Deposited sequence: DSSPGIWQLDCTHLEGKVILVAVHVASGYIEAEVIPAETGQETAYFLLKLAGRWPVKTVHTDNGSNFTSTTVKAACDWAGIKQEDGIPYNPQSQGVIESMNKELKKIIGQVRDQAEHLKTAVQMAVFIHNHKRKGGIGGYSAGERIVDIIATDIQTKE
């Protein structure tokens, strides 16, 4: 359903990459953070929800997600708190481009760009960015 996202962390170069996947489309948002703190997580969730209509997020077990800053952000934004493949693709691409830039955070945004624009399938296929927008637009 159009409002559901899943969030995962990937540790790399001594930093964390926070990755949200829009489950129905495979579309991705990601950010590089210093550590998976409650405040970082809350801020990331607030940005996501101000850009897309987030109803529910699926997370893992981390103490970041139960922090009071994350609960305050979720209450304010209206988010209920509770792919392997899209993530495996993502880290794959960061791998294939990491060399083209100094900072991890540059290579990560380049990987997001490449993931979200890439057409899947044949001549009549769609990119993840197209799928998420088509899904949401249809929902109304």
Exercise. Which bits of the deposited sequence have no atoms placed for their C-alpha?
Worked result: 1-2, 85-96, 155-158
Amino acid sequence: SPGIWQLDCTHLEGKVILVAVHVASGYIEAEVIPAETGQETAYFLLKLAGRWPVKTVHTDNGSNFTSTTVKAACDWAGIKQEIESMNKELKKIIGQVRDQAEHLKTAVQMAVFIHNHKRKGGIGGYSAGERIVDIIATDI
From here on, numbers count along this sequence of modelled residues.
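C-alpha atoms forming the largest set that superposes within 1.5 Å between two forms make up the rigid core.
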Exercise. Relative to the presented form, and with the rigid core used for superposition, do the C-alpha atoms of 35-43 or of 86-94 deviate more in 4 other deposited structures of this protein?
Worked result: 86-94
Exercise. Core fit done; bigger CA RMS in 4 other deposited structures of this protein for 19-27 or for 121-129?
Worked result: 121-129
Problem set entry | Per the entry, higher mean C-alpha B factor between 73-81 and 59-67 | 59-67
Exercise. Can you tell me which stretch has the higher mean Cα B-factor, 12-20 or 120-128?
Worked result: 12-20
For this session: Choose from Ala42, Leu48, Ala30, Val97 the residue with the greatest Cα B-factor as stated in the PDB record.
Result: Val97
Seminar exercise, completed: So, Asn87's CA B-factor, relative to its chain, sits in which third? The highest
Exercise. Among the modelled residues of its chain, does the C-alpha B-factor of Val112 lie in the lowest, middle or highest third?
Worked result: lowest
For this session: Grab the CA temperature factor for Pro53 from the record and place it in the lowest, middle or highest third of its chain.
Result: middle
Exercise. Which third, lowest, middle or highest, does the CA B-factor of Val133 fall in along this chain?
Worked result: lowest
